[PDB]
file structure.csv (CSV, C-alpha atoms and all ligand atoms)
chain,number,residue,atom,x,y,z
A,391,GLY,CA,47.3,23.7,-28.0
A,392,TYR,CA,46.4,23.6,-24.3
A,393,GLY,CA,45.8,19.8,-24.3
A,394,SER,CA,43.7,18.7,-21.2
A,395,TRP,CA,43.1,22.4,-20.5
A,396,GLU,CA,41.1,23.1,-23.7
A,397,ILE,CA,37.3,22.8,-22.7
A,398,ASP,CA,34.6,21.9,-25.3
A,399,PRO,CA,32.1,24.8,-25.1
A,400,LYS,CA,29.4,22.2,-25.9
A,401,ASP,CA,30.0,21.0,-22.3
A,402,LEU,CA,29.0,24.3,-20.7
A,403,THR,CA,25.6,25.5,-19.5
A,404,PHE,CA,24.9,29.2,-18.5
A,405,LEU,CA,22.6,29.5,-15.4
A,406,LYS,CA,23.0,33.0,-13.8
A,407,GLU,CA,24.8,36.2,-14.6
A,408,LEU,CA,27.3,37.1,-11.8
A,409,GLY,CA,28.6,40.4,-13.3
A,410,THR,CA,29.3,42.6,-16.3
A,411,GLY,CA,32.4,44.7,-16.8
A,412,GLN,CA,35.4,46.0,-18.8
A,413,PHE,CA,36.7,42.5,-19.9
A,414,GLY,CA,33.3,40.9,-20.4
A,415,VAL,CA,30.5,39.0,-18.7
A,416,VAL,CA,30.9,36.4,-15.9
A,417,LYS,CA,28.2,33.7,-15.6
A,418,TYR,CA,27.7,30.9,-13.2
A,419,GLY,CA,27.0,27.6,-15.0
A,420,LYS,CA,27.7,23.9,-15.0
A,421,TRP,CA,30.4,22.0,-16.8
A,422,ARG,CA,29.9,18.4,-18.0
A,423,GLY,CA,26.4,18.6,-16.2
A,424,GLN,CA,28.0,18.2,-12.8
A,425,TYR,CA,30.7,20.8,-11.9
A,426,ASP,CA,29.7,24.3,-10.8
A,427,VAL,CA,31.8,26.9,-12.7
A,428,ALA,CA,32.4,30.5,-13.3
A,429,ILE,CA,32.6,31.3,-17.0
A,430,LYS,CA,34.2,34.5,-18.2
A,431,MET,CA,33.4,35.6,-21.7
A,432,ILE,CA,36.3,37.9,-22.9
A,433,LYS,CA,35.0,41.0,-24.7
A,442,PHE,CA,46.4,35.8,-23.2
A,443,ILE,CA,49.2,33.2,-23.6
A,444,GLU,CA,51.4,34.7,-20.8
A,445,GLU,CA,48.4,35.0,-18.4
A,446,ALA,CA,47.2,31.5,-19.3
A,447,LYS,CA,50.7,30.0,-18.5
A,448,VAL,CA,50.5,31.6,-15.0
A,449,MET,CA,47.2,29.8,-14.1
A,450,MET,CA,48.2,26.5,-15.7
A,451,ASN,CA,51.3,26.1,-13.5
A,452,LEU,CA,49.9,27.2,-10.1
A,453,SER,CA,47.5,25.0,-8.1
A,454,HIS,CA,46.5,25.1,-4.4
A,455,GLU,CA,43.4,24.6,-2.3
A,456,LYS,CA,43.4,28.3,-1.4
A,457,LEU,CA,43.9,29.7,-4.9
A,458,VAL,CA,40.9,30.0,-7.2
A,459,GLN,CA,41.5,27.2,-9.7
A,460,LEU,CA,41.4,27.3,-13.5
A,461,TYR,CA,39.4,24.4,-15.0
A,462,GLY,CA,40.1,25.4,-18.6
A,463,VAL,CA,39.7,27.7,-21.6
A,464,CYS,CA,37.8,27.8,-24.9
A,465,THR,CA,40.1,29.3,-27.5
A,466,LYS,CA,39.0,27.5,-30.8
A,467,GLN,CA,36.3,30.2,-31.1
A,468,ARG,CA,35.6,33.9,-30.5
A,469,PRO,CA,34.8,35.4,-27.9
A,470,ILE,CA,37.3,33.3,-25.7
A,471,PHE,CA,35.9,31.6,-22.5
A,472,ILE,CA,37.9,31.2,-19.2
A,473,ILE,CA,36.4,28.5,-16.9
A,474,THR,CA,37.3,28.5,-13.2
A,475,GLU,CA,36.0,27.0,-9.9
A,476,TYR,CA,32.8,28.7,-8.6
A,477,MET,CA,33.0,30.9,-5.5
A,478,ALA,CA,29.3,31.5,-4.5
A,479,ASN,CA,30.0,34.3,-2.0
A,480,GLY,CA,31.9,36.6,-4.4
A,481,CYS,CA,34.7,38.9,-3.4
A,482,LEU,CA,36.0,38.8,0.2
A,483,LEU,CA,35.6,42.6,0.5
A,484,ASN,CA,31.8,42.5,0.0
A,485,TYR,CA,31.5,39.4,2.1
A,486,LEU,CA,33.2,41.2,5.0
A,487,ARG,CA,30.9,44.3,4.6
A,488,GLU,CA,27.8,42.2,4.9
A,489,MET,CA,26.9,42.7,8.5
A,490,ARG,CA,24.3,39.9,8.6
A,491,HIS,CA,27.2,37.3,8.8
A,492,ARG,CA,27.9,38.5,12.4
A,493,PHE,CA,31.4,37.0,12.2
A,494,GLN,CA,33.2,35.5,15.2
A,495,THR,CA,36.9,36.4,15.5
A,496,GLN,CA,37.6,32.7,15.0
A,497,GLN,CA,36.0,33.0,11.5
A,498,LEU,CA,38.1,36.1,10.8
A,499,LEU,CA,41.3,34.4,11.8
A,500,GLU,CA,40.4,31.4,9.5
A,501,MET,CA,40.0,33.8,6.5
A,502,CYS,CA,43.6,35.2,7.3
A,503,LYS,CA,45.0,31.6,7.5
A,504,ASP,CA,43.2,30.7,4.1
A,505,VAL,CA,44.9,33.6,2.4
A,506,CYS,CA,48.3,33.0,4.2
A,507,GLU,CA,48.4,29.4,3.0
A,508,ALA,CA,47.8,30.6,-0.6
A,509,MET,CA,50.6,33.2,-0.2
A,510,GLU,CA,53.0,30.7,1.3
A,511,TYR,CA,52.4,28.4,-1.7
A,512,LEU,CA,53.0,31.4,-4.1
A,513,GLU,CA,56.1,32.4,-2.3
A,514,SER,CA,57.4,28.7,-2.5
A,515,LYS,CA,56.9,29.0,-6.3
A,516,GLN,CA,58.7,32.4,-6.4
A,517,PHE,CA,55.5,34.0,-7.7
A,518,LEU,CA,54.8,37.6,-6.7
A,519,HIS,CA,51.1,38.4,-6.7
A,520,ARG,CA,51.5,42.3,-6.6
A,521,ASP,CA,47.8,43.1,-5.9
A,522,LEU,CA,46.9,41.2,-2.7
A,523,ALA,CA,43.7,42.8,-1.2
A,524,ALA,CA,40.3,41.7,0.0
A,525,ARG,CA,38.7,42.8,-3.3
A,526,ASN,CA,41.0,40.3,-5.1
A,527,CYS,CA,40.0,37.2,-3.0
A,528,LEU,CA,36.9,35.2,-3.5
A,529,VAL,CA,34.7,33.2,-1.0
A,530,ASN,CA,33.0,29.9,-1.7
A,531,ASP,CA,29.7,28.5,-0.3
A,532,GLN,CA,31.5,27.1,2.7
A,533,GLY,CA,33.0,30.4,3.6
A,534,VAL,CA,36.5,29.4,2.4
A,535,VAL,CA,38.6,32.3,1.2
A,536,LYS,CA,40.8,31.9,-1.9
A,537,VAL,CA,43.2,34.2,-3.6
A,538,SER,CA,42.3,35.2,-7.2
A,539,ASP,CA,43.4,38.1,-9.6
A,540,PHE,CA,46.5,36.3,-10.9
A,541,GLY,CA,47.1,35.5,-14.6
A,542,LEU,CA,43.9,35.1,-16.6
A,543,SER,CA,41.8,35.5,-13.4
A,544,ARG,CA,42.7,39.3,-13.3
A,545,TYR,CA,40.4,39.6,-16.4
A,546,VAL,CA,37.7,37.4,-14.9
A,547,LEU,CA,37.0,39.7,-11.9
A,548,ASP,CA,37.3,42.8,-14.2
A,549,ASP,CA,40.3,44.1,-12.1
A,550,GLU,CA,40.4,48.0,-12.0
A,551,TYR,CA,44.2,48.1,-12.0
A,552,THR,CA,44.2,45.9,-15.2
A,553,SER,CA,41.2,47.8,-16.8
A,554,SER,CA,42.7,51.3,-16.0
A,555,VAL,CA,46.0,50.3,-17.8
A,556,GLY,CA,47.8,50.6,-14.4
A,557,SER,CA,46.3,54.1,-13.5
A,558,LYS,CA,44.4,52.8,-10.4
A,559,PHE,CA,47.4,51.8,-8.3
A,560,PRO,CA,46.8,49.9,-5.0
A,561,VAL,CA,48.5,52.7,-2.9
A,562,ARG,CA,46.8,51.7,0.3
A,563,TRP,CA,48.2,48.1,0.1
A,564,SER,CA,51.8,49.2,-0.8
A,565,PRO,CA,55.0,49.5,1.3
A,566,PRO,CA,57.1,52.7,1.3
A,567,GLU,CA,59.7,51.3,-1.1
A,568,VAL,CA,57.0,50.5,-3.8
A,569,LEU,CA,55.5,54.0,-3.4
A,570,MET,CA,58.8,55.8,-3.6
A,571,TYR,CA,60.9,53.6,-5.9
A,572,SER,CA,58.7,50.9,-7.5
A,573,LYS,CA,60.7,48.3,-5.5
A,574,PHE,CA,58.5,45.1,-5.8
A,575,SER,CA,59.5,42.0,-3.9
A,576,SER,CA,58.2,39.2,-1.7
A,577,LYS,CA,58.2,41.8,1.1
A,578,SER,CA,55.7,44.0,-0.8
A,579,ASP,CA,53.3,41.1,-0.9
A,580,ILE,CA,54.0,40.6,2.8
A,581,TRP,CA,53.1,44.3,3.5
A,582,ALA,CA,49.8,43.9,1.4
A,583,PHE,CA,48.9,40.8,3.4
A,584,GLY,CA,49.1,42.7,6.6
A,585,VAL,CA,46.7,45.3,5.1
A,586,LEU,CA,44.4,42.5,4.1
A,587,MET,CA,44.4,41.2,7.7
A,588,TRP,CA,43.5,44.7,8.7
A,589,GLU,CA,40.6,44.7,6.1
A,590,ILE,CA,39.3,41.4,7.5
A,591,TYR,CA,39.4,42.5,11.2
A,592,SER,CA,37.9,45.9,10.3
A,593,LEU,CA,35.0,44.1,8.5
A,594,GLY,CA,36.0,45.6,5.1
A,595,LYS,CA,36.8,49.2,5.9
A,596,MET,CA,38.9,51.1,3.4
A,597,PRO,CA,42.5,51.3,4.8
A,598,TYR,CA,43.3,54.9,5.9
A,599,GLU,CA,39.6,55.7,5.1
A,600,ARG,CA,39.6,59.4,5.7
A,601,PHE,CA,42.8,60.0,3.6
A,602,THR,CA,43.2,60.2,-0.2
A,603,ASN,CA,45.9,58.0,-1.9
A,604,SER,CA,48.3,61.0,-2.0
A,605,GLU,CA,47.9,61.7,1.7
A,606,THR,CA,48.3,57.9,2.5
A,607,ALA,CA,51.6,57.8,0.6
A,608,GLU,CA,52.8,60.9,2.5
A,609,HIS,CA,51.7,59.6,5.9
A,610,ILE,CA,53.3,56.0,5.3
A,611,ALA,CA,56.6,57.8,4.5
A,612,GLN,CA,56.3,59.6,7.9
A,613,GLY,CA,55.8,56.2,9.7
A,614,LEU,CA,52.0,56.2,10.0
A,615,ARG,CA,50.6,52.7,10.5
A,616,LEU,CA,47.0,51.3,10.5
A,617,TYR,CA,45.5,51.2,14.0
A,618,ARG,CA,44.5,48.0,15.8
A,619,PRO,CA,40.9,47.1,14.7
A,620,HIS,CA,38.7,46.5,17.9
A,621,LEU,CA,38.1,42.9,16.7
A,622,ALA,CA,41.8,42.1,16.6
A,623,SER,CA,43.5,40.9,19.9
A,624,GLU,CA,47.0,42.3,20.7
A,625,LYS,CA,48.5,38.9,19.4
A,626,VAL,CA,46.6,39.2,16.1
A,627,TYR,CA,47.6,42.8,15.8
A,628,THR,CA,51.3,41.9,16.4
A,629,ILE,CA,51.1,39.6,13.3
A,630,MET,CA,49.6,42.2,11.0
A,631,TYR,CA,51.9,44.9,12.3
A,632,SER,CA,55.0,42.7,11.7
A,633,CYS,CA,54.2,43.0,8.0
A,634,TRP,CA,54.8,46.7,8.1
A,635,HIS,CA,58.4,47.0,9.2
A,636,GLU,CA,59.9,50.1,7.5
A,637,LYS,CA,62.9,47.8,6.6
A,638,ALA,CA,61.6,45.2,4.0
A,639,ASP,CA,64.2,42.7,5.2
A,640,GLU,CA,62.8,42.8,8.8
A,641,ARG,CA,59.3,41.7,7.6
A,642,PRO,CA,58.5,37.9,8.0
A,643,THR,CA,58.0,35.4,5.3
A,644,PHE,CA,54.6,33.8,4.6
A,645,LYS,CA,55.8,30.5,6.2
A,646,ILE,CA,56.6,32.5,9.4
A,647,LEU,CA,53.2,34.3,9.3
A,648,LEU,CA,51.4,31.0,8.9
A,649,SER,CA,53.1,29.6,12.0
A,650,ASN,CA,52.1,32.7,13.9
A,651,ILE,CA,48.5,32.4,12.8
A,652,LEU,CA,48.3,28.7,13.8
A,653,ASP,CA,49.8,29.6,17.2
A,654,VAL,CA,47.1,32.2,17.8
A,655,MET,CA,44.4,29.7,16.7
A,656,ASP,CA,45.8,27.1,19.2
A,657,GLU,CA,45.9,29.8,22.0
A,658,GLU,CA,42.4,31.3,21.2
B,701,LIG,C1,34.3,42.7,-4.8
B,701,LIG,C2,35.0,44.0,-4.2
B,701,LIG,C3,34.0,42.8,-6.1
B,701,LIG,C4,33.4,41.6,-6.9
B,701,LIG,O1,32.9,40.7,-6.4
B,701,LIG,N1,33.4,41.7,-8.3
B,701,LIG,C5,32.8,40.8,-9.2
B,701,LIG,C6,32.7,41.4,-10.6
B,701,LIG,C7,32.0,40.4,-11.6
B,701,LIG,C8,32.7,39.0,-11.6
B,701,LIG,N2,32.8,38.5,-10.2
B,701,LIG,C9,33.0,37.1,-9.9
B,701,LIG,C10,34.1,36.4,-10.5
B,701,LIG,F1,35.0,37.1,-11.3
B,701,LIG,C11,34.3,35.1,-10.3
B,701,LIG,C12,33.4,34.4,-9.5
B,701,LIG,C13,33.6,32.9,-9.2
B,701,LIG,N3,34.9,32.3,-9.5
B,701,LIG,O2,32.7,32.2,-8.8
B,701,LIG,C14,32.4,35.0,-8.9
B,701,LIG,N4,31.4,34.6,-8.0
B,701,LIG,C15,30.6,35.6,-7.8
B,701,LIG,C16,29.3,35.3,-6.9
B,701,LIG,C17,31.0,36.6,-8.3
B,701,LIG,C18,30.3,38.0,-8.2
B,701,LIG,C19,32.1,36.4,-9.1
B,701,LIG,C20,33.5,39.4,-9.2
call {"tool": "encode", "arguments": {"input": "structure.csv", "output": "structure tokens", "more": "lines below"}}
Ligand SMILES: */C(C)=C\C(=O)N[C@H]1CCCN(c2c(F)cc(C(N)=O)c3[nH]c(C)c(C)c23)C1
result
Amino acid sequence: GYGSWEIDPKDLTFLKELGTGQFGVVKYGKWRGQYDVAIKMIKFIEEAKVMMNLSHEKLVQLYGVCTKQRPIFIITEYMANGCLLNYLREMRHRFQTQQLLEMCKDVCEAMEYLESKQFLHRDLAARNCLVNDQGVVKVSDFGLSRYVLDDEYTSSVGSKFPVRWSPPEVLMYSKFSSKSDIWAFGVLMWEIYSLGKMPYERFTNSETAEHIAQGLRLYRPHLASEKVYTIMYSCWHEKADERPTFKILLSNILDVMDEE
């Protein structure tokens, strides 16, 4: 069994529907009458192990599972503001650049933790992060949580590939490494500073792969200072070994926060 991880479904309440998709319905509810939760109802062992062994303040946390019945429930921490991509696109937030840098640091801390555990995420992107009521960004879409947010890469059986978040060696040779997560992180910083624009927005995926191969890089968003742009651009070195680590990126981000 899952021991302390197995939740009694009698302890869950269902308050509001958050979304309906390929892997089932997600509801907001309460657990044990006091904890706000997201409850996924699956329309497993391997993906469960991933979430039961990774824990960080900037990763969306698994609280437990209901597997003694069908359909299965996956219970996680509640992130009231939904995905980071839609949060960035909501122009009423009128974000200050200080807020945008804090979102970058939240994700960088999660990634530094993942890299310290030798875990490769493989689909880092603003659509795969969630935002809580306090505006804190947390990385999701790993293990069981891929099914929670009805991930299009997972639901399409790998057909919808994240071309726009991939380095040249992934596109050409399927060479995944810590350095392909570093590249995706720089694209995520670009999504944040662009207020959620699609990277390479006027190109198709095929054109993007061709231009990347030719050395095209995303332009500096107007909200990004030259120092912030240097950080995201460092993620896109043609040579994977010349890209920084997440520990280095975190130190760069803190230095900018201290300077600005
Ligand atoms: C962004 C580009 C997409 C997006 O928000 N997709 C939804 C799809 C339905 C389920 N969603 C979801 C979720 F999986 C988990 C949580 C949570 N841990 O609180 C969640 N909160 C909200 C407000 C939503 C919509 C959530 C993601």
call {"tool": "atom_distance", "arguments": {"input": "structure.csv", "atom1": "CA of residue 658 (chain A)", "atom2": "CA of residue 646 (chain A)"}}
result
18.5 Å
call {"tool": "closest_residue", "arguments": {"input": "structure.csv", "among": "A:445, A:521, A:407, A:488", "to": "residue 582 (chain A)", "atoms": "all atoms listed in the file"}}
result
A:521
call {"tool": "residues_around", "arguments": {"input": "structure.csv", "residues": "region 479-486 of chain A", "least_positions_apart": "5", "cutoff": "8 Å", "atoms": "only C-alpha atoms", "output": "list in words"}}
result
residues 524, 525, 526, 527, 528, 529, 530, 531, 533, 535, 589, 590, 593 and 594 of chain A
call {"tool": "closest_residue", "arguments": {"input": "structure.csv", "among": "A:586, A:607, A:499, A:473", "to": "residue 427 (chain A)", "atoms": "all atoms listed in the file"}}
result
A:473
call {"tool": "atom_distance", "arguments": {"input": "structure.csv", "atom1": "CA of residue 469 (chain A)", "atom2": "atom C3 of ligand LIG 701 (chain B)"}}
result
23.0 Å
call {"tool": "residues_around", "arguments": {"input": "structure.csv", "residues": "residue 453 (chain A)", "least_positions_apart": "5", "cutoff": "12 Å", "atoms": "all atoms listed in the file", "output": "ChimeraX atom specification"}}
result
/A:447-448,458-461,474-475,507-509,511-512,514-515,536-538,540
call {"tool": "atom_distance", "arguments": {"input": "structure.csv", "atom1": "atom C13 of ligand LIG 701 (chain B)", "atom2": "CA of residue 592 (chain A)"}}
result
23.8 Å
call {"tool": "residues_around", "arguments": {"input": "structure.csv", "residues": "region 567-572 of chain A", "least_positions_apart": "6", "cutoff": "9 Å", "atoms": "only C-alpha atoms", "output": "list in words"}}
result
residues 561, 578, 607, 611, 636 and 638 of chain A
call {"tool": "closest_residue", "arguments": {"input": "structure.csv", "among": "A:566, A:414, A:409, A:619", "to": "ligand LIG 701 (chain B)", "atoms": "only C-alpha atoms and all ligand atoms"}}
result
A:409
call {"tool": "build_atoms", "arguments": {"input": "structure.csv", "residues": "region 510-532 of chain A", "atoms": "N, CA and C atoms", "output": "compact mmCIF listing (two decimals), in the coordinates of the input"}}
result
# COMPACT_ATOMS: atom_id res chain seq x y z
N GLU A 510 51.83 31.49 1.05
CA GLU A 510 53.00 30.70 1.30
C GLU A 510 53.29 29.77 0.14
N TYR A 511 52.22 29.26 -0.50
CA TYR A 511 52.40 28.40 -1.70
C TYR A 511 52.99 29.29 -2.81
N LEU A 512 52.45 30.50 -3.04
CA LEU A 512 53.00 31.40 -4.10
C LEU A 512 54.43 31.73 -3.84
N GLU A 513 54.77 32.05 -2.58
CA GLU A 513 56.10 32.40 -2.30
C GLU A 513 57.06 31.16 -2.50
N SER A 514 56.57 29.92 -2.26
CA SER A 514 57.40 28.70 -2.50
C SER A 514 57.64 28.47 -3.97
N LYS A 515 56.81 29.05 -4.85
CA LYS A 515 56.90 29.00 -6.30
C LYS A 515 57.59 30.20 -6.88
N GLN A 516 58.07 31.13 -6.01
CA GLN A 516 58.70 32.40 -6.40
C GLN A 516 57.80 33.23 -7.30
N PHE A 517 56.49 33.17 -7.00
CA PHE A 517 55.50 34.00 -7.70
C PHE A 517 55.15 35.14 -6.87
N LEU A 518 55.21 36.34 -7.44
CA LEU A 518 54.80 37.60 -6.70
C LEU A 518 53.45 37.96 -7.23
N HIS A 519 52.49 38.11 -6.32
CA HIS A 519 51.10 38.40 -6.70
C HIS A 519 50.99 39.89 -7.14
N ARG A 520 51.50 40.83 -6.32
CA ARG A 520 51.50 42.30 -6.60
C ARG A 520 50.20 43.04 -6.34
N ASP A 521 49.08 42.34 -6.14
CA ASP A 521 47.80 43.10 -5.90
C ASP A 521 46.96 42.30 -4.86
N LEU A 522 47.62 41.88 -3.78
CA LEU A 522 46.90 41.20 -2.70
C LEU A 522 46.01 42.20 -1.98
N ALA A 523 44.69 41.90 -1.88
CA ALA A 523 43.70 42.80 -1.20
C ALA A 523 42.41 42.04 -1.12
N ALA A 524 41.54 42.43 -0.18
CA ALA A 524 40.30 41.70 0.00
C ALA A 524 39.40 41.76 -1.27
N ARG A 525 39.51 42.81 -2.09
CA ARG A 525 38.70 42.80 -3.30
C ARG A 525 39.20 41.77 -4.33
N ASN A 526 40.44 41.22 -4.14
CA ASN A 526 41.00 40.30 -5.10
C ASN A 526 41.02 38.83 -4.59
N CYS A 527 40.23 38.57 -3.51
CA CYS A 527 40.00 37.20 -3.00
C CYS A 527 38.56 36.94 -3.22
N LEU A 528 38.24 35.66 -3.39
CA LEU A 528 36.90 35.20 -3.50
C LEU A 528 36.50 34.25 -2.39
N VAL A 529 35.20 34.04 -2.15
CA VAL A 529 34.70 33.20 -1.00
C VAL A 529 33.74 32.19 -1.54
N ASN A 530 33.91 30.90 -1.17
CA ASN A 530 33.00 29.90 -1.70
C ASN A 530 31.79 29.74 -0.76
N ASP A 531 30.90 28.77 -1.10
CA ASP A 531 29.70 28.50 -0.30
C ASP A 531 29.96 28.09 1.10
N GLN A 532 31.14 27.50 1.37
CA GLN A 532 31.50 27.10 2.70
C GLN A 532 32.23 28.17 3.52
